[PDB]
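Colleague: Curious how this folds, go ahead:
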Amino acid sequence: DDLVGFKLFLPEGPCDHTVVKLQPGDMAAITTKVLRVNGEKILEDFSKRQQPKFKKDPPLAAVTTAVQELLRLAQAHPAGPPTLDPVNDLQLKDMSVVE
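Modeller: Numbering: from 1, shown residues only. Please find the structure below.
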């Protein structure tokens with residue numbers, strides 16, 4: 001169950017958020033889904049809210065929408081949606097990678 005695709009994590013608690021500075025290697029996959037969310041407004045929400053006194057601001061729509069969409073994406077695929085295949089989605093033809 002862990003070796004077929006990418007095991008879709010289902011959070012055991014309430015659907016919170018974090019905004020992390022990820023490396024390319026910390027990312028398991030580049031998903032096929034296209035969620036037209038605005039990164040700028042999410043920065044204007046995470047960086048704005050992360051004042052310890054203002055961490056309790058009412059949520060902005062871009063962050064709540066992104067978090068809800070991510071959780072729905074986790075539920076909406078039984079074991080993980082197909083990734084943008086290196087060969088069959090990025091239009092490559094190297095035999096070694098196909099094999």
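
Colleague: Now for residue 60, how many residues are close by?
Modeller: 15 (other Cβ atoms under 10 Å). Every residue, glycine included, has its C-beta placed from N, CA and C.

Colleague: which residues sit in contact with it?
Modeller: Listed by Cβ atoms under 8 Å, 6 or more residues apart in numbering, the contact partners of residue 60 are 41-42, 44-45.

Colleague: can you check residue 55 too?
Modeller: residue 49.

Colleague: Among the contacts of residue 60, name the buried ones.
Modeller: 42, 45 (16 or more other Cβ atoms under 10 Å).

Colleague: and the residue most central in space within the chain, how far is that from residue 35?
Modeller: The chain has residue 70 as the residue nearest its centroid, 5.9 Å off, counting by Cα atoms, centre = their mean. Residue 70 is 8 Å from residue 35, where distance means Cβ to Cβ, to the nearest Å.

Colleague: ok so, going back, host element of the residue nearest to the centre of the chain?
Modeller: Secondary structure assigned from DSSP states H and E places residue 70 in helix 61-75.

Colleague: immediately after that helix, which helix or strand?
Modeller: helix 95-98.

Colleague: What are the contacting residues of that next one?
Modeller: So helix 95-98 is contacted by 86-87 (Cβ under 8 Å, 6+ apart).

Colleague: can we see that at 10 Å?
Modeller: The contact list for helix 95-98 (Cβ atoms under 10 Å, 6 or more residues apart in numbering) reads 85-88, 92.

Colleague: With stretch 30-45 instead?
Modeller: Stretch 30-45 is contacted from outside by 6, 17, 19, 24, 57, 59-67, 69-70, 73, 76-77, 80-86, 89-90, using Cβ under 10 Å, 6+ apart.
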